[PDB]
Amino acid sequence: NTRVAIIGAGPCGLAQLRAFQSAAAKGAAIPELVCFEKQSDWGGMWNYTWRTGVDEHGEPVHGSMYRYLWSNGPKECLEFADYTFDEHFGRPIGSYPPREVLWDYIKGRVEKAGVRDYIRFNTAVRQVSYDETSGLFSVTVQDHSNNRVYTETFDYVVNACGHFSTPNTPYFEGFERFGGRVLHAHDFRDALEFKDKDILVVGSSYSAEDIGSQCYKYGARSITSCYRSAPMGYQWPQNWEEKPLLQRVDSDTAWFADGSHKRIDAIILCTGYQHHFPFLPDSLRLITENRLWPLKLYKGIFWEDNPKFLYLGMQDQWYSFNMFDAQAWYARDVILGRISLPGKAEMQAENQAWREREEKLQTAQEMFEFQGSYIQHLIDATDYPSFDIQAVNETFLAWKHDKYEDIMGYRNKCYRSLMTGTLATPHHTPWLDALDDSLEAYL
């Protein structure tokens, strides 16, 4: 028969396994599936590790999540249409669960699907090549359980390796003279490390917002944030100041674009991440900034130069889990032969049409509605349940307004599931005081 390689057992890889299992449960013949995962367990970014830099086997540490991390959007926006919160938890819960609670939810679905046996854990993909004549990809991997490098062939490769793990780490004048810790958001683990310290966060997106907020919540003496161009602009607490871009640092002091200065103990670069695919030749290698519409990906998925090489989840994310499902189901239907792809020139013209719309977006609302409309297109093409994109959009709108209202209070609010209609119930403790991050303490 035919063979599919899946790189990664995070949400996207797991969605891809779930897609095939769902078809198989309803009598479809499916390919052989091999999912290569470098970590010891599934969950991707949702799997926490204390490790930083490089893991015990010498691979770059994948994990960017930190202690005390909670859902940064309404859980109702990322609900699986085919495995509801009601089915998983059997009661209502808060709209903004800690990492461990959503990890439990993600695992719950693939536990139920019985797909764990497709996965080869502790295995890092090292190289991918393609042979024109056989139409096969050769995938070379290192099995760290046995310290052995091996290669197998596959008809399709689905790259679900993520793009929020390889840091974008810009130098600033004087980092080599500064006496405090300099790290990337990717290396941030326990905010208690910065208790009673004066912290600088460099950046103006979610990592800056949230890492700064954890430092606040867990007793940092002061937060300073700085932006390259656009301030985050929220009303910050008393001990937080937002400044224009860092110019330089000396042994202990940071100097900003406006000529102001601050004594700081540590610098956290919240400067985003790179799409980094060291295991790909240029012929297969997506090169893009973090955005809603990278080019060369037909339906945001199929590599236009070789559409038997697929990318999942490589867009920037408003939607997340149910976008990955939408992608995984479309990918599956194409691999099964149910949906055929057009010719390259047509794929290129359509990708460019999406790009032109992408380039016009200005407002947050335009941006999540763009991605909503992309997902609507995918879900209409397959048997993934066509859920209510418009109502999810309205939830995202409400969340944005909650964050404006109170950047430290938005996680206390409650939203209705668009899959089941059940309202989320208030959490037992306000976010700011909910110091314990465990699944036990939350439930």
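The numbering used is simple: start at 1 and walk along the sequence shown.
Averaged over CA atoms, B-factors in the entry run higher in 85-93 than in the other of 85-93 and 364-372. Looking at 143-151 and 160-168 together, the entry lists the larger mean B-factor for 143-151, computed on C-alpha atoms. Residue-level inspection of the entry shows that, of 307, 343, 212, 300, 343 has the top Cα B-factor.
Comparing the listed residues 108, 203, 179, 281, the entry records the largest Cα B-factor for 108.
In this PDB entry, residue 272 carries a Cα temperature factor that places it within the lowest third of its chain's modelled residues. In the deposited entry, the Cα temperature factor of residue 50 sits in the middle third of values across the chain's modelled residues. Ranked against the other modelled residues of its chain, the C-alpha B-factor of residue 311 as given in the entry falls in the lowest third. Among all modelled residues in this chain, the alpha-carbon of residue 65 has a temperature factor (C-alpha) in the lowest third.
Placement of the Cα temperature factor of residue 353 within the chain: highest third of the modelled residues, per the deposited record.
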